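Trainee: Structure provided below as structure tokens; questions to follow.
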Amino acid sequence: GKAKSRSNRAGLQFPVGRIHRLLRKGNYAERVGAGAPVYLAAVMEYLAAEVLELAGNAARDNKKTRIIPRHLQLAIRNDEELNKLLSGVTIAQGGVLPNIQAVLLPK
Amino acid sequence: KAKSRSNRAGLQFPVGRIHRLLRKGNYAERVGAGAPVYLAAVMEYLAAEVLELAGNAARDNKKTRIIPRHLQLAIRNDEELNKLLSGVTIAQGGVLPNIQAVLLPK
Amino acid sequence: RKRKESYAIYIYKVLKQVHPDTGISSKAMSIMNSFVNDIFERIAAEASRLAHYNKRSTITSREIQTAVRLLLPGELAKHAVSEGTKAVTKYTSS
Amino acid sequence: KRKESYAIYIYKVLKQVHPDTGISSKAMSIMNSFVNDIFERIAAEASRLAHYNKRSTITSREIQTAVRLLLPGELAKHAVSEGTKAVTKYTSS
Amino acid sequence: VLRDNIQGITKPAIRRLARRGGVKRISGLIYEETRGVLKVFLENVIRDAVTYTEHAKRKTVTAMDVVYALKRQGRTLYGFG
Amino acid sequence: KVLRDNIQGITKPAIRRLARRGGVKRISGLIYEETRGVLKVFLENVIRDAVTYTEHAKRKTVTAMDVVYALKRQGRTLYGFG
Amino acid sequence: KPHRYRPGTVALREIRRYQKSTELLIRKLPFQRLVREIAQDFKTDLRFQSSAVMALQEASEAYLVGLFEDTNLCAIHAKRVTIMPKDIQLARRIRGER
Amino acid sequence: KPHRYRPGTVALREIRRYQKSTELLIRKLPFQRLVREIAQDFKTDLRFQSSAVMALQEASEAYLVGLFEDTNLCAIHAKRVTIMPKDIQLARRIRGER
Amino acid sequence: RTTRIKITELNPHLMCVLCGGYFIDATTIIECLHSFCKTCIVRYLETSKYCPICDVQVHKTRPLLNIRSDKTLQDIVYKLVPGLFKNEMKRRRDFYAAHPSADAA
Amino acid sequence: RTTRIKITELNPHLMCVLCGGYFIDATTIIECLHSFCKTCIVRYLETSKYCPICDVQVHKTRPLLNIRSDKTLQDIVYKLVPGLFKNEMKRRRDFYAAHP
Amino acid sequence: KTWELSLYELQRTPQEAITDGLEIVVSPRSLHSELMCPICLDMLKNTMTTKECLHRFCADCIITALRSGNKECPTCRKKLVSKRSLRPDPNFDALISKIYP
Amino acid sequence: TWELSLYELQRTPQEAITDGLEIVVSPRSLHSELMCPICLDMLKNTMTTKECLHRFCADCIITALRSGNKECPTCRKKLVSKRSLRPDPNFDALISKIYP
DNA sequence: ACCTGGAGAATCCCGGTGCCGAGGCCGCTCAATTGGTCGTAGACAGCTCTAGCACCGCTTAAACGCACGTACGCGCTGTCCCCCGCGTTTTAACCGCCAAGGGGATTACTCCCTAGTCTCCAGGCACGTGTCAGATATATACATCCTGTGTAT
DNA sequence: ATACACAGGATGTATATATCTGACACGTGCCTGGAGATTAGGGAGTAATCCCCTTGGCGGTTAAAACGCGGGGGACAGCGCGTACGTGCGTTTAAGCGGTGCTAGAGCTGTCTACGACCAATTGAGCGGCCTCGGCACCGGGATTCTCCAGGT
Ligand SMILES: [Zn+2]
Ligand SMILES: [Zn+2]
Ligand SMILES: [Zn+2]
Ligand SMILES: [Zn+2]
Ligand SMILES: [Zn+2]
Ligand SMILES: [Zn+2]
Ligand SMILES: [Zn+2]
Ligand SMILES: [Zn+2]
């Protein structure tokens, strides 16, 4: 009689049931199948882990314990595929990469 | 004894068909009574404007029909309509004549 | 043989109302039909977004009006709003 | 006043990947927004896919097709594999 | 009372933004053009923000209004809600 | 069969005509390969998305509406084919 | 001795001629063969509708004409009259395609 | 004689400094007044959340930085090192904003 | 060519509804192309933000930005009404003859 | 250092599961990094399109583009196995001798 | 603010309408300049007025001018996008119908 | 290309040494193809490039990509991210068994 | 045409200190889970016939290769004024309060509007037919480009 | 002597009549979807209350903005060379039109049953406060890197 969660039945950390309800109430179609939210949650967790791992490496490089927006920006603008995914997105308090054109250097 | 809602609103575009398309299109749980009439009026207005300009362009050419070239000329020579359709490509429309001043002979 | 629907006859009626002695070819009418579908879809989507932001479950003429204000530029928006309000006032009077 | 966000799950994932590392409130706000944006994009593409083929149900197949259309390159392959693995584990349970 | 507040976008601020952009030498007729560009951009965004606020029957502009206004322009913002 | 070398079917005079419709007067000689590269990139992207749409529908034939959906996905709306 | 036009006269003639018309400027069969060859790298034994190939050709020619339109402006920017590969590269960088 | 740096040195120093920092580069109150002044043409006696002014400022700064990067590319194309209004106009036209 | 008309038929198209007199320094609202007097409309727009006749909103927040002078109508009414410009000039001179301040306006 | 390693322990790591023998001109599949012989993979892929171990697709239509020759692995197997490279060259030259 | 009322305007009195039946004499040349379309050089018909300069034209005249030519006012060269920048002026039409039917 | 030659179509299989035999090896024998080009040490958690088949340590390549050019250290070929590589378990197992 | 030494100014590194924001705990209540029934969306087998692929001559207009010369791309030089680096003097943004209150956010009640159901008939769509708007062909007539040649300053 | 307007030759572009056919526009019979009346319940408009947060005033300290000057290096115009483009001609290739035959696959129907919506009862996961130390911000100092101009050859 114990309640067993669907995220645990799937091996995920993201919430399957909440995503199911959001899909049902969002005006996307009349019906929603059983495996659709599991697939969506798996994809979402994978992308989150990718970005967090890159930003953790960037934070370690800087000798810091806490991730701030700068590390997210560096992790995302130094990767071609992620840059292509977020080309029209601005991140608050990020900044830019260092880049000086060759023709402008002295000598 | 049955009167169409289009006549009641003084319109041509269909109000019942647009109501049904709003109901089955996954936009919201409920559709009101004034929404289809309003949207039908707006669609009629925009269509009439475009067709008027294209008809003028056709008249200039000594042609009694409108072809995609005339629609292209009408749209691109109009500033607001050109903003509305800035990302659209019309087949068999060509381009607007234009040559830069530095290329012409002196 | 299955029935397929379009806005062709309504476009022809509008054209006869504006230019009484003019025709139109198949490709031009195809383009006009695409234009009408695009406009309908854009306005419907923006109205749906408005309704959802505000925690409401209905699309009324108010959503359509604000969506038109958001979408069309310049004087086209003014003229469209005037025509829509005229039509609604005429319709509700019956 | 009950509000909902993805904060605790994102924290669990970070702890899985980086056992000793912290996050700031604004960075967590950015991560929340990023997750929401991805959810919305994929759900909208799935809705369109179901409408083009005249179906009333969004399934795992639609999610996979949307992920293929939306993600570039290797991200698509890895995300597809992870989703399929999750569904297979779920069904056999 | 609010008038001629576009001159508060001083020249040195414009130079700092250009330096973050990577520019090395600046002409004296760049500042007025920059101000024109900025004013047009702000008019366009604030119009949509005020439309959203007015529809929701409020008198206060929130951050969600700005976020949606930017999203309309194709300039998604992250980190405000 | 394995088709090959078809990119050279886009000949020099055709690219010259295209540049004429764009308002170009003099054309350098190294510019006929760049155009072929750009055309190949564009075509690959559009055709891949069209093939994805076709495959989801469980069909063996690409249709005009597949091309239209693919183009619209890339922000290139096209009027005149349905 | 023939009546030789000076350089650039026929060029302006052809610009005017091709900005007055709406016909396709690339031969059909070469374009169709290129399209089939590219499609062969994603799925085996594909079939096409004729209108699909027509739509692809229309979109491609529109794209190339617009790109040359921007390229000519980039070339005039640098006090020139002749386009070069660097102009195309700059136009595609600023447009975001690179 | 007193020490004086050659032209172009302090400029490179400033590029290095501002390409590594992350703070806002326009003063706060002047931007606030500009926002209120522009909005006074749409509704009277409006109130603003502080986070709304902050979001507006962040977006505006991002816009201007991107524009200046494109302008520098356009200026270097024509074999100069000084950016000019025509470079801004060319970049905006090719972007589709003009 | 040759024609003489009565003042009764011409009167309706020359009088401002707000004041009732003939147009003086006519100014037109562009939202509906409606002509009134300068002083009449200037005083009216303060309290209200709608047209006196059709109640059409002049502007969303500031109506004064959407009104402009009408020189042609003023010239037409000056040429039509007999002894109107002279009376206006006489009244202006009479009013400003006893005020020794702000000579240049 | 010095060691006395028994080949019987290293057999499974250096055995092709398609021809029942050691690797010759090793070729690896990019997607799964599963090594085989040039002949084995070339003749096997003409019918199927999945790796014969992990059952993973190699390419949508042309798998041959996703296989690469692993020189390092072939060198390792030649060096570790005594009296194999010489025998291979001897057999190749003997075959060449018997035909024009 | 370019709209402050002058001292006289702050106390100007309305002009009484003429009620006595006195005939009015009008010559065609007196109204010739102000009632003439600059483009077609004829009497105005279906008057259209601009939203920026208040310059009267015939509908067809302005439509043709904007179609094939610069998008500017023929008189003062002020820019106008299209015909939506103009509106009808029925008052001038009624005045024309009355004075010169 | 990958077209087989006349002799390749009929290569005989190489029989495996079923009988238990001992082979003496030295660390210097394999001190060239088991060595990381970056840290100059034994491989752990090996990662291999898809395009060129070059082995590295996971941390070595991850740091090299993060903190430098996005090319391969040896062949200088295009490389986007750690997704462009793949782990090699067989190589690690062989190294572990060969060298305790 | 290249080199070195040395002074000066700026960036990086290192402790040391203090606060405040991030990680953690605790009680509770609202949303996820289990269990049951019911109706239809979707899978699958089978059938029709449309349209997509393949083949063959035959004209002929476009593509391909060649040659001459001209005008445009590119480097060099000289000139000068516009912009950078730095010092002095003014302006006003930023920060610490206090006091007030407009309106954002929530609660409760009531009734009006929208969904779902059923009958029934007119608006819209698939075929079929036939003239004329527009393309195609010939022939003058007109409007541009180029060059020889006098000849005026 | 050299610029320079002029005039005659020869292309190419525009124009009027003839005519030929195939696509726009209309008519028609039928069937599917819009219209009319009825019923029931919950979404939204309305009125009242509380208290968070936005707006306004003010006094102070101090980094940032403004003004000015002096000199160097960067934009800009001009001249000369040369070589890669354009224009025109004489061959050669392959697009294009018409016609043919073949059959793979898209578009339907008709069963039929598994899967998702709906409702009700039960309780554990997730959220709003609250307390609190450890990461990080700030200040001063010593070291370390790098421009810049005087010889030096
Ligand atoms: Zn008055
Ligand atoms: Zn009015
Ligand atoms: Zn083998
Ligand atoms: Zn494998
Ligand atoms: Zn006229
Ligand atoms: Zn004017
Ligand atoms: Zn290593
Ligand atoms: Zn490599």
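Please note that chains go A, B, ... in the order of the structure tokens, that every chain numbers its residues from 1, and that ligands are numbered from 1 in the order shown.
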After a least-squares fit of chain G on chain H across every C-alpha pair in order, what's the RMSD, to one decimal?
Mentor: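 C-alpha RMSD after least-squares superposition: 0.4 Å.
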Trainee: Taking only C-alpha atoms into account, which residues of chain A are within 7 Å of chain B, as a PyMOL selection string?
Mentor: chain A and resi 27-29
Trainee: With N, CA and C atoms kept, could you save the residues just selected as a JSON list (two decimals), in the first residue's frame?
Mentor:
[["chain", "number", "residue", "atom", "x", "y", "z"],
["A", 27, "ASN", "N", -2.94, 23.47, -22.73],
["A", 27, "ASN", "CA", -3.55, 23.69, -24.04],
["A", 27, "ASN", "C", -2.60, 23.28, -25.17],
["A", 28, "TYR", "N", -2.14, 22.03, -25.11],
["A", 28, "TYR", "CA", -1.27, 21.47, -26.13],
["A", 28, "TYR", "C", -1.93, 20.38, -26.96],
["A", 29, "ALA", "N", -2.87, 19.64, -26.39],
["A", 29, "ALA", "CA", -3.65, 18.66, -27.12],
["A", 29, "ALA", "C", -4.74, 18.15, -26.19]]
Trainee: Within 7 Å of ligand 4, which residues show up when you count only C-alpha atoms (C1' of nucleotides) and all ligand atoms? List them as a list in words, please.
Mentor: residues 29, 32, 33, 34, 51, 52, 53, 54, 55 and 56 of chain J
Trainee: For the selection you just gave me, I'd like the residues written to a file as a PDB file, in the first residue's frame, keeping C-alpha atoms.
Mentor:
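And here is the file that came out, selection.pdb:
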ATOM      1  CA  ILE J  29      33.367   1.689 -35.672  1.00  0.00           C
ATOM      2  CA  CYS J  32      30.632   2.114 -30.484  1.00  0.00           C
ATOM      3  CA  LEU J  33      34.429   1.709 -30.784  1.00  0.00           C
ATOM      4  CA  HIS J  34      34.194  -2.006 -31.575  1.00  0.00           C
ATOM      5  CA  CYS J  51      27.246  -3.447 -35.054  1.00  0.00           C
ATOM      6  CA  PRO J  52      27.238  -7.217 -34.397  1.00  0.00           C
ATOM      7  CA  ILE J  53      27.953  -6.724 -30.684  1.00  0.00           C
ATOM      8  CA  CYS J  54      26.018  -3.801 -29.190  1.00  0.00           C
ATOM      9  CA  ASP J  55      23.281  -3.560 -31.868  1.00  0.00           C
ATOM     10  CA  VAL J  56      23.703   0.159 -32.562  1.00  0.00           C
TER      11      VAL J  56
END
Trainee: Do you know which residues are within 8 Å of ligand 1 using only C-alpha atoms (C1' of nucleotides) and all ligand atoms? Can you write them as a list in words?
Mentor: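 Listed by chain and ascending number, the contacts are residues 15, 16, 17, 18, 19, 20, 21, 22, 23, 24, 36, 37, 38, 39, 40 and 41 of chain I; 14 of chain K.
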Trainee: Write the residues of the preceding selection, restricted to N, CA and C atoms, as a tab-separated table (two decimals), in the first residue's frame.
Mentor:
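That gives us again00.tsv:
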chain	number	residue	atom	x	y	z
I	15	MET	N	-19.08	78.74	-38.77
I	15	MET	CA	-19.24	79.06	-37.36
I	15	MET	C	-18.70	77.92	-36.50
I	16	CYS	N	-17.99	78.29	-35.43
I	16	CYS	CA	-17.50	77.33	-34.46
I	16	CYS	C	-18.60	76.98	-33.47
I	17	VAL	N	-18.83	75.68	-33.27
I	17	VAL	CA	-19.91	75.25	-32.39
I	17	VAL	C	-19.63	75.64	-30.95
I	18	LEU	N	-18.36	75.60	-30.53
I	18	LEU	CA	-18.05	75.86	-29.12
I	18	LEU	C	-18.42	77.28	-28.71
I	19	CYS	N	-18.12	78.26	-29.56
I	19	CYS	CA	-18.41	79.66	-29.25
I	19	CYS	C	-19.60	80.22	-30.01
I	20	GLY	N	-19.87	79.72	-31.22
I	20	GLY	CA	-21.00	80.16	-32.01
I	20	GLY	C	-20.66	81.22	-33.04
I	21	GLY	N	-19.52	81.90	-32.90
I	21	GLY	CA	-19.12	82.91	-33.86
I	21	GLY	C	-18.37	82.32	-35.04
I	22	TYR	N	-17.97	83.20	-35.95
I	22	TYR	CA	-17.23	82.77	-37.12
I	22	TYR	C	-15.82	82.35	-36.73
I	23	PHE	N	-15.22	81.51	-37.57
I	23	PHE	CA	-13.90	80.97	-37.29
I	23	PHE	C	-12.87	82.09	-37.22
I	24	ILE	N	-12.05	82.07	-36.16
I	24	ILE	CA	-10.94	83.00	-35.99
I	24	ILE	C	-9.71	82.18	-35.63
I	36	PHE	N	-12.01	74.02	-35.18
I	36	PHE	CA	-12.56	74.88	-34.14
I	36	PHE	C	-11.68	76.12	-34.03
I	37	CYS	N	-11.95	76.95	-33.04
I	37	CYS	CA	-11.11	78.11	-32.79
I	37	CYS	C	-9.90	77.72	-31.95
I	38	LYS	N	-8.85	78.54	-32.05
I	38	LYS	CA	-7.65	78.29	-31.26
I	38	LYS	C	-7.95	78.35	-29.77
I	39	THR	N	-8.56	79.45	-29.32
I	39	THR	CA	-8.87	79.59	-27.90
I	39	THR	C	-9.89	78.56	-27.45
I	40	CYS	N	-10.93	78.34	-28.26
I	40	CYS	CA	-11.97	77.38	-27.89
I	40	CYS	C	-11.36	76.01	-27.62
I	41	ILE	N	-10.58	75.49	-28.57
I	41	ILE	CA	-10.03	74.15	-28.42
I	41	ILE	C	-8.97	74.13	-27.32
K	14	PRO	N	-16.93	86.42	-29.10
K	14	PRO	CA	-17.43	85.80	-30.34
K	14	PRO	C	-17.95	86.84	-31.32
Trainee: Residues of region 9-40 of chain I classed as strand (DSSP E) by DSSP on the backbone are to be reported as a list in words.
Mentor: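 Assigned to strand (DSSP E), within region 9-40 of chain I: residues 26, 27, 28, 29, 34, 35, 36 and 37 of chain I.
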Trainee: Got a sec to tell me which of chain I DSSP assigns to helix (DSSP H, G or I), as number ranges by chain?
Mentor: I: 7-14, 38-47, 63-66, 71-80, 85-96
Trainee: Which residues are close to residue 9 (chain L), i.e. within 12 Å by only C-alpha atoms (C1' of nucleotides), leaving aside same-chain residues fewer than 4 positions away? Reply as JSON, numbers by chain.
Mentor: {"J": [38, 39, 40, 42, 43], "L": [3, 4, 5, 13]}
Trainee: Excluding same-chain residues fewer than 4 positions from residue 42 (chain N), what lies within 12 Å of it counting only C-alpha atoms (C1' of nucleotides), as a PyMOL selection string?
Mentor: (chain C and resi 57) or (chain M and resi 110-115)
Trainee: Enumerate as a ChimeraX atom specification the residues belonging to chain B that approach chain G to within 12 Å, with only C-alpha atoms taken into account.
Mentor: /B:67-70,72-73,87-105
Trainee: Within 9 Å of ligand 8, counting only C-alpha atoms (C1' of nucleotides) and all ligand atoms: which residues, as a list in words?
Mentor: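 Checked against 9 Å with only C-alpha atoms (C1' of nucleotides) and all ligand atoms; the hits are residues 48, 49, 50, 51, 52, 53, 54, 55, 71, 72, 73, 74, 75, 76, 77, 78 and 79 of chain L.
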Trainee: Store the residues picked out above, limited to N, CA and C atoms, as a PDB file, in the first residue's frame.
Mentor:
ATOM      1  N   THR L  48      38.763   8.748 -26.474  1.00  0.00           N
ATOM      2  CA  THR L  48      39.275   8.708 -27.840  1.00  0.00           C
ATOM      3  C   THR L  48      38.468   9.631 -28.743  1.00  0.00           C
ATOM      4  N   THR L  49      39.173  10.361 -29.610  1.00  0.00           N
ATOM      5  CA  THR L  49      38.523  11.216 -30.597  1.00  0.00           C
ATOM      6  C   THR L  49      37.869  10.383 -31.691  1.00  0.00           C
ATOM      7  N   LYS L  50      36.714  10.849 -32.164  1.00  0.00           N
ATOM      8  CA  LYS L  50      35.998  10.144 -33.222  1.00  0.00           C
ATOM      9  C   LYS L  50      36.735  10.234 -34.551  1.00  0.00           C
ATOM     10  N   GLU L  51      37.153  11.441 -34.931  1.00  0.00           N
ATOM     11  CA  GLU L  51      37.612  11.661 -36.298  1.00  0.00           C
ATOM     12  C   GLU L  51      38.964  11.007 -36.546  1.00  0.00           C
ATOM     13  N   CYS L  52      39.892  11.145 -35.603  1.00  0.00           N
ATOM     14  CA  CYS L  52      41.282  10.772 -35.817  1.00  0.00           C
ATOM     15  C   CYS L  52      41.717   9.549 -35.024  1.00  0.00           C
ATOM     16  N   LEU L  53      40.914   9.095 -34.064  1.00  0.00           N
ATOM     17  CA  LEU L  53      41.264   7.968 -33.203  1.00  0.00           C
ATOM     18  C   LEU L  53      42.572   8.237 -32.457  1.00  0.00           C
ATOM     19  N   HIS L  54      42.528   9.244 -31.587  1.00  0.00           N
ATOM     20  CA  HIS L  54      43.637   9.586 -30.707  1.00  0.00           C
ATOM     21  C   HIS L  54      43.195   9.415 -29.262  1.00  0.00           C
ATOM     22  N   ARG L  55      43.988   8.687 -28.479  1.00  0.00           N
ATOM     23  CA  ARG L  55      43.661   8.407 -27.088  1.00  0.00           C
ATOM     24  C   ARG L  55      44.233   9.484 -26.173  1.00  0.00           C
ATOM     25  N   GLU L  71      41.153  22.346 -31.099  1.00  0.00           N
ATOM     26  CA  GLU L  71      41.678  21.374 -32.043  1.00  0.00           C
ATOM     27  C   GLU L  71      42.292  20.195 -31.300  1.00  0.00           C
ATOM     28  N   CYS L  72      42.515  19.113 -32.036  1.00  0.00           N
ATOM     29  CA  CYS L  72      43.185  17.959 -31.462  1.00  0.00           C
ATOM     30  C   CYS L  72      44.666  18.276 -31.244  1.00  0.00           C
ATOM     31  N   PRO L  73      45.237  17.897 -30.099  1.00  0.00           N
ATOM     32  CA  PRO L  73      46.642  18.257 -29.842  1.00  0.00           C
ATOM     33  C   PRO L  73      47.618  17.712 -30.870  1.00  0.00           C
ATOM     34  N   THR L  74      47.362  16.527 -31.423  1.00  0.00           N
ATOM     35  CA  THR L  74      48.326  15.882 -32.310  1.00  0.00           C
ATOM     36  C   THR L  74      48.097  16.253 -33.773  1.00  0.00           C
ATOM     37  N   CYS L  75      46.922  15.926 -34.308  1.00  0.00           N
ATOM     38  CA  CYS L  75      46.636  16.143 -35.719  1.00  0.00           C
ATOM     39  C   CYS L  75      46.084  17.531 -36.017  1.00  0.00           C
ATOM     40  N   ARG L  76      45.682  18.289 -34.998  1.00  0.00           N
ATOM     41  CA  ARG L  76      45.146  19.635 -35.185  1.00  0.00           C
ATOM     42  C   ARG L  76      43.926  19.612 -36.109  1.00  0.00           C
ATOM     43  N   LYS L  77      42.886  18.916 -35.656  1.00  0.00           N
ATOM     44  CA  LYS L  77      41.641  18.781 -36.396  1.00  0.00           C
ATOM     45  C   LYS L  77      40.479  19.295 -35.554  1.00  0.00           C
ATOM     46  N   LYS L  78      39.377  19.610 -36.232  1.00  0.00           N
ATOM     47  CA  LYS L  78      38.245  20.250 -35.573  1.00  0.00           C
ATOM     48  C   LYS L  78      37.721  19.395 -34.425  1.00  0.00           C
ATOM     49  N   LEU L  79      37.433  20.049 -33.300  1.00  0.00           N
ATOM     50  CA  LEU L  79      36.934  19.372 -32.113  1.00  0.00           C
ATOM     51  C   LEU L  79      36.056  20.348 -31.346  1.00  0.00           C
TER      52      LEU L  79
END
Trainee: Hey, which residues sit close to ligand 2? Say within 9 Å, counting only C-alpha atoms (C1' of nucleotides) and all ligand atoms, and write them as a list in words.
Mentor: residues 29, 30, 31, 32, 33, 34, 35, 50, 51, 52, 53, 54, 55, 56, 57 and 58 of chain I
Trainee: Could you list, as a list in words, all the residues within 8 Å of ligand 3, counting only C-alpha atoms (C1' of nucleotides) and all ligand atoms?
Mentor: residues 15, 16, 17, 18, 19, 20, 21, 22, 23, 24, 36, 37, 38, 39, 40 and 41 of chain J; 13 of chain L
Trainee: Pull C-alpha atoms from the residues just selected and write them as a PDB file, in the first residue's frame.
Mentor:
ATOM      1  CA  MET J  15      40.397 -11.766 -30.698  1.00  0.00           C
ATOM      2  CA  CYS J  16      38.063 -10.880 -33.567  1.00  0.00           C
ATOM      3  CA  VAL J  17      34.533 -12.172 -32.988  1.00  0.00           C
ATOM      4  CA  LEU J  18      33.789 -12.335 -36.730  1.00  0.00           C
ATOM      5  CA  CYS J  19      36.591 -14.516 -38.155  1.00  0.00           C
ATOM      6  CA  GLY J  20      37.568 -16.349 -34.961  1.00  0.00           C
ATOM      7  CA  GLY J  21      41.120 -15.045 -34.976  1.00  0.00           C
ATOM      8  CA  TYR J  22      43.451 -12.187 -34.180  1.00  0.00           C
ATOM      9  CA  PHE J  23      42.982  -8.725 -35.657  1.00  0.00           C
ATOM     10  CA  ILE J  24      44.477  -8.068 -39.100  1.00  0.00           C
ATOM     11  CA  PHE J  36      37.096  -5.886 -36.325  1.00  0.00           C
ATOM     12  CA  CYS J  37      39.145  -6.865 -39.369  1.00  0.00           C
ATOM     13  CA  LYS J  38      38.978  -4.865 -42.585  1.00  0.00           C
ATOM     14  CA  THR J  39      37.647  -7.847 -44.541  1.00  0.00           C
ATOM     15  CA  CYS J  40      35.228  -8.874 -41.786  1.00  0.00           C
ATOM     16  CA  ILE J  41      33.604  -5.449 -41.498  1.00  0.00           C
TER      17      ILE J  41
ATOM     18  CA  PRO L  13      42.157 -16.780 -40.848  1.00  0.00           C
TER      19      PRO L  13
END
Trainee: Distance table requested - chain M against chain H, cut-off 8 Å, only C-alpha atoms (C1' of nucleotides): one row per qualifying residue with the closest atom pair and its distance in Å to one decimal, ordered by chain and rising residue number, as JSON lines.
Mentor:
{"residue": "M:8", "atom": "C1'", "partner": "H:3", "partner_atom": "CA", "distance": 7.6}
{"residue": "M:84", "atom": "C1'", "partner": "H:7", "partner_atom": "CA", "distance": 5.8}
{"residue": "M:85", "atom": "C1'", "partner": "H:5", "partner_atom": "CA", "distance": 6.9}
{"residue": "M:93", "atom": "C1'", "partner": "H:29", "partner_atom": "CA", "distance": 7.2}
Trainee: Would you list the contacts of residue 81 (chain L) as a PyMOL selection string, taking every protein, DNA or RNA residue within 9 Å and counting only C-alpha atoms (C1' of nucleotides), but skipping same-chain residues closer than 5 positions in sequence?
Mentor: (chain A and resi 79-81) or (chain L and resi 62+65-66+70)
Trainee: What do you get as a PyMOL selection string if you pick all residues at most 12 Å from ligand 6, counting only C-alpha atoms (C1' of nucleotides) and all ligand atoms?
Mentor: chain K and resi 38+48-57+62+71-80+85-86
Trainee: Around ligand 5, at most 8 Å away and counting only C-alpha atoms (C1' of nucleotides) and all ligand atoms, which residues are there? Put them as number ranges by chain, please.
Mentor: K: 36-45, 57-62
Trainee: Residues contacting ligand 7 - anything with an atom at most 6 Å away, using only C-alpha atoms (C1' of nucleotides) and all ligand atoms - can you give me those as a list in words?
Mentor: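 What falls inside 6 Å of ligand 7 is residues 36, 38, 39, 56, 57 and 60 of chain L.
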Trainee: Store the residues picked out above, limited to N, CA, C and O atoms, as a short mmCIF file (atom, residue, chain, number, x, y, z; two decimals), in the first residue's frame.
Mentor:
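What landed in again-v5.cif:
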data_model
loop_
_atom_site.label_atom_id
_atom_site.label_comp_id
_atom_site.auth_asym_id
_atom_site.auth_seq_id
_atom_site.Cartn_x
_atom_site.Cartn_y
_atom_site.Cartn_z
N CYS L 36 50.28 8.91 -22.55
CA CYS L 36 49.50 10.10 -22.86
C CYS L 36 50.42 11.19 -23.42
O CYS L 36 51.46 11.48 -22.82
N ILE L 38 50.08 14.28 -23.29
CA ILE L 38 50.01 15.52 -22.52
C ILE L 38 50.73 15.35 -21.18
O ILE L 38 51.74 16.01 -20.92
N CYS L 39 50.21 14.47 -20.33
CA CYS L 39 50.78 14.28 -19.00
C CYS L 39 51.93 13.29 -18.97
O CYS L 39 52.58 13.15 -17.93
N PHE L 56 43.49 9.80 -25.11
CA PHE L 56 43.91 10.77 -24.12
C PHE L 56 43.35 10.35 -22.77
O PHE L 56 42.50 9.46 -22.68
N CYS L 57 43.84 10.99 -21.71
CA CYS L 57 43.17 10.92 -20.42
C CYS L 57 41.98 11.87 -20.42
O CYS L 57 41.99 12.91 -21.08
N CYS L 60 42.89 15.31 -19.05
CA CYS L 60 43.82 16.00 -19.94
C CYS L 60 43.08 16.66 -21.09
O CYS L 60 43.23 17.87 -21.32
#
